[PDB]
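> So I've got this experimental structure, pasted below with the sequence.
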Amino acid sequence: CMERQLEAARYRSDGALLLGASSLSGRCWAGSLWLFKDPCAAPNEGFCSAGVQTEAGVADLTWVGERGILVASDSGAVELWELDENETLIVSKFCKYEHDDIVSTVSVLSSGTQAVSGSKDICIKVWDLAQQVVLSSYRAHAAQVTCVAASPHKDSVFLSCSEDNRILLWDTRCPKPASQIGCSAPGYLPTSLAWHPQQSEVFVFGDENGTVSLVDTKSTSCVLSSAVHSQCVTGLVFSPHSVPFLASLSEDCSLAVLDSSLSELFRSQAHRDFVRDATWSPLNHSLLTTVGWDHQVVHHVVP
Amino acid sequence: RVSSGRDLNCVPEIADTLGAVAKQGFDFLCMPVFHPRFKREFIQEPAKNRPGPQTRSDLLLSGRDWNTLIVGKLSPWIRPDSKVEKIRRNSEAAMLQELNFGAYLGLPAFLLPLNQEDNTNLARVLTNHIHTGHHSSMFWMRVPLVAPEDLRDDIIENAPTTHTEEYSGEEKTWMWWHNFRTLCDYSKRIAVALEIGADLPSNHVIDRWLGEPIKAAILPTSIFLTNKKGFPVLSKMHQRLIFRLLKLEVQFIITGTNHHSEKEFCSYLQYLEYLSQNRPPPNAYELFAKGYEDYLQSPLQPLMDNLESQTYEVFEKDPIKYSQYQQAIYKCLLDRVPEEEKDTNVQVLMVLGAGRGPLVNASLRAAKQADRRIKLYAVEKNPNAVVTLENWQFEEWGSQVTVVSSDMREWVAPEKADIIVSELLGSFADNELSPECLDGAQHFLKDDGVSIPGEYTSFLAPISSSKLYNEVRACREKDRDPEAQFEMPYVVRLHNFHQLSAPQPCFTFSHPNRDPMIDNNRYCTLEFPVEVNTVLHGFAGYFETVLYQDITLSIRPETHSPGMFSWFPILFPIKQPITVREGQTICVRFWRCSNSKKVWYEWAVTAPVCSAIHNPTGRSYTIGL
Amino acid sequence: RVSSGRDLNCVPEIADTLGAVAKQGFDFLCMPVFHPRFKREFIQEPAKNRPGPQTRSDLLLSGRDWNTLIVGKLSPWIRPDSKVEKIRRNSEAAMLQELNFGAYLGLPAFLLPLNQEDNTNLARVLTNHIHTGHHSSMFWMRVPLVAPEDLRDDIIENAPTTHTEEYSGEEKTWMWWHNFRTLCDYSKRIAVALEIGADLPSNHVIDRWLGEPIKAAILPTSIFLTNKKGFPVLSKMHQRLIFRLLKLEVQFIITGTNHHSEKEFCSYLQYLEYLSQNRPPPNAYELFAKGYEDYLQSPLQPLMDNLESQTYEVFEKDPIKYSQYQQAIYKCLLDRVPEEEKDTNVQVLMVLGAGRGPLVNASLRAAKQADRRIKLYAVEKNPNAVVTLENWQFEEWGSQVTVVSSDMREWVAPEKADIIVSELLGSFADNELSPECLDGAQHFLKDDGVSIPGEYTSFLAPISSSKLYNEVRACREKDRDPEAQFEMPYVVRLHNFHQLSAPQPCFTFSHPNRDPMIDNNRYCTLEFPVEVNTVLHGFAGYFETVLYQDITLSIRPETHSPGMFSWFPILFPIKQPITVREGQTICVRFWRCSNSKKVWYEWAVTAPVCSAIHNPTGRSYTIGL
Ligand SMILES: Cc1cc(NC(=O)C(=O)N2C[C@@H](C)N(C(=O)C(C)C)C[C@@H]2c2ccc(F)cc2)cnc1N
Ligand SMILES: Cc1cc(NC(=O)C(=O)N2C[C@@H](C)N(C(=O)C(C)C)C[C@@H]2c2ccc(F)cc2)cnc1N
Ligand SMILES: Cc1cc(NC(=O)C(=O)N2C[C@@H](C)N(C(=O)C(C)C)C[C@@H]2c2ccc(F)cc2)cnc1N
Ligand SMILES: CSC[C@H]1O[C@@H](n2cnc3c(N)ncnc32)[C@H](O)[C@@H]1O
Ligand SMILES: CSC[C@H]1O[C@@H](n2cnc3c(N)ncnc32)[C@H](O)[C@@H]1O
Ligand SMILES: [Cl-]
Ligand SMILES: [Cl-]
Ligand SMILES: [Cl-]
Ligand SMILES: [Cl-]
Ligand SMILES: [Cl-]
Ligand SMILES: [Cl-]
Ligand SMILES: [Cl-]
Ligand SMILES: [Cl-]
Ligand SMILES: [Cl-]
Ligand SMILES: [Cl-]
Ligand SMILES: [Cl-]
Ligand SMILES: [Cl-]
Ligand SMILES: [Cl-]
């Protein structure tokens, strides 16, 4: 049994699609992980490569190399799952309950051996994925942590944003590791973060009002802004192109594809519910797969 | 035993989760009625037309289980006071939906958080929901003792945490409640679920919650330390706070995951039970007045009304008071009769207001103890108690006790008394008209006669208690002034309140009153220094009395007689609560007025702000002469 | 088991007597608090100065025993309505004394006799005592079913007993109560202790006590017959009366000495227990509605309000009603689809007001039973019940049932229905606005469509019940009209009342309403023949409904559906009770009024006397559209 609310979708190096779903209504509020080596067969359960039911619903996931799956659970747990040698089963490597509320976001650092997790318990934790222990726990925010994003190439640097209207840049090599960025005045609450793949000092963030903004960590100034969506921006995904595109997702049930100037180039209203996750295909850099709470897996082609 | 509940934000199956939390030993479960991450759209298509079902079915639990074991929780994404208009309206709709589903399930309580200063639209929606269908359901406002902004780690390099003392700032969360509670017009269905952090604030921040309607105390598992054997424990300050909360008889709510994973999760709860089963055992007074904590009662008027048999029974089962009376009579008998006159001198002793005759037996025991001869008159105007007095006299006392069924102010005594002994004191000393009664009886006292009690003095102290204020406000009756309940005193075992200043003497009376121009009217002005930020709601009243020399009785807290049961304190309310800042002085005025038919009190606060004069002309409360 | 007490006028020692009556099996003791022959003087010397004590001491029993086991009795020499002024004033004083001593003891009830027609001064003294201090004590008026003058032996030679039938004279004792109760202004603390004689009067004399607050029934030992084995028994008429009293759940009081002296005295009491343990066992309806007898409740408005889960649960656990609905749907499906079309014809069936879906399952069972194919729409405006509906649909029903969360008057149906099935009937048929709802839903019904129910009709019957009148009168609230409680109906399991005339149809509605000019306003005039002397206090309301052809539901008493639980009768009160004599006709008027926002009822009695028009313009009661 697969649940209706598709939560996350990630491609693998060989073109396989990892899906994470939850049941946010009905008798059971659980979740499930799935792996489709035929991406066009998703989300049909009978034509999947692997699949497992988990304890509670998943709120965010991410790959750990080519075999690991890191899951943020509603139970307050961080779970590492591993694939079978023949990649037919999804077995649990560890499941640690260190957060006191729903773990809402998780991100693997650049080395691949450590990760960072954020939860509604306002805390942000650093995990050693090999020792299955928490290296450090920080209580820097004053409200629910909305998103955390590891830097692409620095193992000690990562962004975080919470409902306390703070956007914190983190360098764990400092005695005070967090530093506040944010736009000039108290803007609308930050809801989505994404580092730039080519520029290690530049990122983008989307707020609750539908605005996507391009910021540089050095000059800490809103370099650009665009009212892209009519509702909260829940996700921001860059493309693997040399000059990358920006995929913006919102609760207005629409996907937008913008350029380096945050100008709208493509738009899809195929989903009839919230758009949760989007991923670009490594084999075909022009193919973008989106998932949503309408149990739809859409494959767009983008010029 | 403690009443405890388990807080969870993740419930896969409701039945298995409820069974697990019941096996762990919890009495109820705080859980979301909708999935916390299941954000719903009410205005904009196409997410507005999301296919159902929207949450779990109500058939998954029995109606009894919904009524007794489930506490609802508001979804964390509902922000009725968001700066965004879309989110504002959508959260209004979602909050109404969740509250209506909670009322549809018949839940006994529903949790709503207070995370910021501005909760005005939240208060508007909740007040609209309250005034929609008569219900008994409660709304617990989850309020942190310390705001998370004042609790975060000092790890933000360019935003350091303030190290400067901010006396009023550290109390900000109380304001969060006080404003909200004020916006909802002091609804009795709205209470506090106080959440406690790992680091406790100053003592004044904690004391700001004295007198507040605290129904629940929330303990996260993270605040628990660990001992040598690995069991979760608490620091001594947290133990003090737990004891203070146990005295208020609140429900404790364990939240968070099991961090002491080697031990079972019930360990946490067990610790509380431990802390409860080793709490300081209450004295005889606290056991006697357990069920009457903060229970408002009208003051007795034994002069105008005839007391019932069980009221006299309550008065009699008070051995400390009658031991003191007997000791006073013993000392007075030894003072008035020398040793060489013990056979020739027979003292005339008159019990004025004998009731069923405990003072008569006390006088007899004092005469036997002092080896002195006495002649007893037992005066009582209540004929129902005169029945008991005369049965006593025929069966035991004999001719030594002469029972007089009349008013002491009209009785024509056949002789004059060496000693008069009375018990006509109320919670506010003279509030039962002992001065007037002992004045009318003064003519048949000898020129050197003695009155026991010889003196009494009332005491007042400003208090803070939103709970008692709300109870008084609820005491509204038809066919009278809608605010008459605020202009009358109440006899009440004060429990959940905060004394704002040291008690000070109010009115003093002495007997016999040799003064030719006897005037029992009084006018007193009291200045109470207040060293905290608080809200004045009324004045507690106590009394002291000198029966004879160093033999005294007292319900004043500093000098209370240990183990005395006959008197609860009194409470004078005020119509409007008054904000009092740290360092300000509460100046209050009190009058004791009278005519030929009735006596009453009038009072008014004159500083830091003026109130209305309460009970003018005794319109709301009088004491019949 | 019965609740019984022992009546005595001679108590040597109170403790031994109480122990004896407890050993005999009695629950309480009616005894004099003063000696019955101890006449006391209050005005004239020297008997005024009689030395005490005046009665027994209150220390002879515990306060619990005084509160629970002792019922006081007025001394038989106290005649407050004597023709002599001295005796009048002295009896006033003595009655006040005894009542105050009873209140001093905290007695739960005090007995006072009604032996003559004139008890005006007795009523004055009792009313003054009632309005002196708040108390919960009860006053039982010992009233004989037959006056002793109409009960004496015909042995006076020059004063023969009348052999002529006097219909109103034989009821005189009821007047004795009715006047007294009227003089005391219908005090809730005043009830009846009906005393039964050896010879029972006509059935109308007994029925005159229907609807009266009878708390106790007094049985003398002399009225008991004796059987073959010597045990005391009662005649079959007395057994009928005992059963009628047991249905009212009164307390029985055995008075008199043991005349069957060979047997122990408990035998009498045992007989009652016998008669109680062989009383007709109640049906499922009486067991279901036991605790709700004469309990006033506001009528539900499922259109304006969203019903709770347990209300739907009460509606669902009613198998007779849903069996009838299923049979109606079965007959209709067989009527509309021939046998040769059972595979080709799929009937469109729409449940309008599905709640949690019992009618949906009834329709499915009817389709399975009739071997016909159906397509189901389940329309419900209450979203909380839509949650249950959609969980049902996802888990069991499937695509066969389409859940529609909207108002049936606004829903744009994708197709038209062969059958519409509704359950929108209240206790007064249309008092929940089923006509308007089914009118708004009429447009998506086929030209030959069927509505189940197809018809319904309300019924009214004038009733007499001083108990229900006093309850309605007690339903006075602040911040509204002091008489608004009389201008609104109440859903109530009628128990202690008297039906004065046969129920008659009031308002009738049919569906579908093909009439081009639809008007649901109604005006009805009803003439009820009354053949007894009685006091009208209100009108009971029931309903009948034809679901389909000969399949009907009914709470009308003559045609009530056996074992149906979903509906209690309704009660329309009137502000002032109306005396109705034997042979008179009660002419009443009833209106069903409405505007575009609300519907309400208006009613007035026009014969034998006119009342005020109740609930004008819906000022006190409206039904929201
Ligand atoms: C945090 C987050 C990220 C994304 N993004 C994506 O899934 C995504 O599109 N990519 C990452 C990955 C799937 N990928 C790879 O090729 C791997 C196998 C090596 C292709 C592509 C890519 C984009 C830019 C690049 F510079 C390189 C790769 C979506 N959701 C969330 N929450
Ligand atoms: C000698 C003397 C004593 C007092 N003592 C008081 O009035 C007083 O504090 N009470 C509170 C409490 C102690 N108590 C109770 O019975 C407890 C079990 C509830 C008795 C009484 C009271 C009872 C019912 C009421 F409604 C109000 C007050 C007054 N006068 C005189 N002369
Ligand atoms: C199908 C249907 C049925 C009714 N039935 C009634 O209203 C009615 O007679 N009741 C009295 C009684 C039977 N009952 C109870 O729960 C018992 C246990 C006390 C339910 C209900 C009621 C409950 C609480 C109230 F406050 C008032 C009424 C109305 N509408 C529709 N559509
Ligand atoms: C022991 S409670 C006070 C007692 O004194 C009695 N009492 C109060 N005022 C008077 C009075 N003026 N004369 C006689 N007894 C009194 C009351 O009836 C009660 O029994
Ligand atoms: C079974 S009790 C009557 C049911 O019908 C529902 N109901 C009443 N009026 C309407 C209406 N106009 N549209 C839809 N459902 C209704 C009520 O909400 C309740 O569930
Ligand atoms: Cl910001
Ligand atoms: Cl239920
Ligand atoms: Cl609720
Ligand atoms: Cl609870
Ligand atoms: Cl005593
Ligand atoms: Cl008396
Ligand atoms: Cl003065
Ligand atoms: Cl007693
Ligand atoms: Cl009484
Ligand atoms: Cl009784
Ligand atoms: Cl059901
Ligand atoms: Cl809902
Ligand atoms: Cl009409």
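Cool, got the structure. Residues are numbered from 1 along each chain as shown, chains lettered A, B, ... in the order given. Ligands and ions are numbered 1, 2, ... in the order given.
> Return the set of buried residues in the helix or strand encompassing residue B:526.
When secondary structure is defined using DSSP states H and E, the element that contains residue B:526 is strand B:522-529. Of the residues in strand B:522-529, those buried by neighbour count under the rule 16 or more other CB atoms under 10 Å in any protein chain shown are B:522, B:524, B:526, B:528. Every C-beta, even on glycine, is put in place using the N, C-alpha and C of the backbone.
> Check stretch B:219-236 too.
Of the residues in stretch B:219-236, B:219, B:220, B:221, B:222, B:223, B:224, B:231, B:232, B:233, B:234 count as buried by neighbour count, 16+ other CB under 10 Å.
> now do stretch B:37-57
For stretch B:37-57, a neighbour-count test (16+ other CB under 10 Å) marks B:37-41, B:47, B:50, B:52-57 as buried.
> roughly how far out does that stretch sit from the chain middle?
46 Å (CA atoms, centre = their mean, to the nearest Å).
> what's the answer for stretch B:435-451, then?
Mean C-alpha position of stretch B:435-451 versus that of the full chain (CA atoms, centre = their mean) differs by 37 Å.
> and it with ligand 4, contact?
Yes - if you take CB under 6 Å from any ligand atom as the test, stretch B:435-451 does meet ligand 4, through residue B:437.
> Would you mind pulling the contact partners of that stretch?
When contacts are defined by CB atoms under 8 Å, 6 or more residues apart in numbering or on different chains, stretch B:435-451 is touched by residues B:303, B:332, B:336, B:348, B:350, B:352-353, B:379, B:407-411, B:413, B:415-422, B:424, B:509, B:511-513, B:518, B:520, B:548, B:599, B:625.
> Now list the buried members of the residues you listed.
Listed as buried from the contacts of stretch B:435-451 are B:303, B:332, B:336, B:348, B:350, B:352-353, B:379, B:408-409, B:411, B:413, B:417-422, B:424, B:509, B:511-512, B:520, B:548, B:599, B:625; burial here means 16+ other CB under 10 Å.
> Now the residue of chain A found nearest ligand 4: closest residue in space that isn't a chain neighbour?
Among the residues of chain A, residue A:100 lies nearest to ligand 4; the distance is 58.2 Å by CB to the nearest ligand atom. In space, not counting the residues next to it along the chain, residue A:100 is nearest to residue B:256; the distance is 3.8 Å by CB to CB, 6 or more residues apart in numbering or on different chains.
> Also residue B:498?
Counting by CB to CB, 6+ apart, residue B:210 is the residue found nearest to residue B:498 once chain neighbours are left out, at 3.6 Å.
> Please apply the same query to residue A:248.
If the residues on either side of it in the chain are set aside, residue A:248 comes closest to residue A:256, at 4.5 Å by CB to CB, 6+ apart.
> Next up, the contacts around the one you found.
Contacts of residue A:256 (CB under 8 Å, 6+ apart): A:228, A:229, A:247, A:248, A:250, A:264, A:266, A:267.
> Name the nearest residue to the fifth one, sequence neighbours excluded.
Spelled out, that is residue A:250. Closest residue in space to residue A:250, ignoring its immediate chain neighbours: residue A:229 at 3.6 Å, by CB to CB, 6+ apart.
> does the one you found really touch residue A:255, like I thought?
No - in terms of CB atoms under 8 Å, residue A:229 does not count as a neighbour of residue A:255; the distance is 9.6 Å.
> circling back to that earlier point, determine if any part of the strand holding residue B:526 is in contact with ligand 12.
Yes - contact of strand B:522-529 with ligand 12 (CB under 5 Å from the ion) involves residue B:523.
> Show me what that strand is in contact with.
Among residues not part of strand B:522-529, those counted as contacts by CB under 8 Å, 6+ apart are B:460-462, B:500-502, B:504, B:506-507, B:585-592, B:606-607.
> now do stretch B:133-145
Contact partners of stretch B:133-145, identified using CB under 8 Å, 6+ apart, comprise B:71, B:102-103, B:106-115, B:126, B:130, B:151, B:173, B:176-177, B:180-181, B:187, B:189-197, B:200-201, B:205-206, B:209, B:215-216, B:218, C:305.
> Now that stretch: buried residues?
B:137, B:138, B:139, B:140, B:141, B:142, B:143, B:144, B:145.
> One more: stretch B:162-180?
Buried positions in stretch B:162-180, judged by neighbour count with 16+ other CB under 10 Å: B:170, B:171, B:173, B:174, B:176, B:177, B:178, B:179, B:180.
> same thing with stretch B:280-300?
Of the residues in stretch B:280-300, those scored as buried under the neighbour-count criterion (16+ other CB under 10 Å) are B:285, B:288, B:289, B:294, B:296, B:299, B:300.
> Mind checking which of the residues you listed land in helices?
Under the assignment DSSP state H, the buried residues of stretch B:280-300 contribute B:285, B:288 to helices.
> From the buried residues of stretch B:280-300, pick the one nearest residue A:194.
residue B:294 (56.6 Å; CB to CB).
> residue contacts, that closest one?
Applying CB under 8 Å, 6+ apart to residue B:294 gives the contacts B:465, B:467, B:468, B:471, B:492, B:493, B:494, B:495, B:496, B:497.
> Kindly report the same for residue B:233.
Shown here is residue B:233, whose contacts under the criterion CB under 8 Å, 6+ apart are B:224, B:225, B:226, B:227, B:271.
> that older thread, gap between the strand holding residue B:526 and the chain center?
Taking the mean of its C-alpha atoms, strand B:522-529 sits 23 Å from the chain's own mean (CA atoms, centre = their mean).
> ditto for stretch A:92-112
Stretch A:92-112 sits 12 Å away from the centroid of its parent chain (CA atoms, centre = their mean).
> Can you name the residues bridging to residue B:598?
Partner residues in beta bridges with residue B:598: residue B:624, with DSSP bridges as the criterion.
> What count of nearby residues applies to it?
Here the neighbour count serves as a burial measure; for residue B:598 (other CB atoms under 10 Å in any protein chain shown) it reads 15.
> cool, the one 3 residues further on as well?
Taking other CB under 10 Å as the criterion, the count of residues near residue B:601 is 25.
> Helix, strand, or coil at it?
Using DSSP: H, G, I helix; E, B strand; the rest coil as the criterion, the local structure at residue B:601 reads strand.
> same deal with the one 4 residues further on?
In terms of secondary structure, residue B:605 is strand; the call rests on three-state DSSP.
> Might you report the residue contacts of it?
Shown in contact with residue B:605 (CB under 8 Å, 6+ apart): B:536, B:574, B:578, B:586, B:587, B:588, B:589, B:611.
> Now do the strands in the stretch 201-303 of chain A.
Under the criterion DSSP state E, counting those that start in this stretch, the stretch 201-303 of chain A carries strands at the ranges A:202-207, A:211-216, A:221-227, A:233-238, A:246-250, A:255-258, A:264-268, A:275-280, A:287-292, A:297-301.
> swap that for the stretch 151-300 of chain B, please
Defined through DSSP E, counting those that start in this stretch, the strands belonging to the stretch 151-300 of chain B, from first to last, are B:190-195, B:214-220, B:225-226, B:232-233, B:251-255.
> on that earlier part again, quick one: common contacting residues for residue A:229 and residue A:255?
With CB under 8 Å, 6+ apart applied, the overlap between the contact sets of residue A:229 and residue A:255 consists of residue A:248.
> What residue in the stretch 401-550 of chain B comes nearest to ligand 4?
In the stretch 401-550 of chain B, no residue comes nearer to ligand 4 than residue B:408, which is 3.8 Å away by CB to the nearest ligand atom.
> Apart from its neighbours in sequence, what residue is nearest that residue?
Leaving out its chain neighbours, the residue that sits closest to residue B:408 by CB to CB, 6+ apart is residue B:441, at 4.1 Å.
> Next: residue A:285.
Among residues not flanking residue A:285 along the chain, residue A:240 sits closest, at 5.2 Å (CB to CB, 6+ apart).
> show me the contacts for whatever residue of chain B ends up closest to ligand 14.
Nearest to ligand 14, among the residues of chain B, is residue B:308, at 10.4 Å (CB to the ion). Under the criterion of CB under 8 Å, 6+ apart, the contact list for residue B:308 reads C:103, C:104, C:105, C:106.
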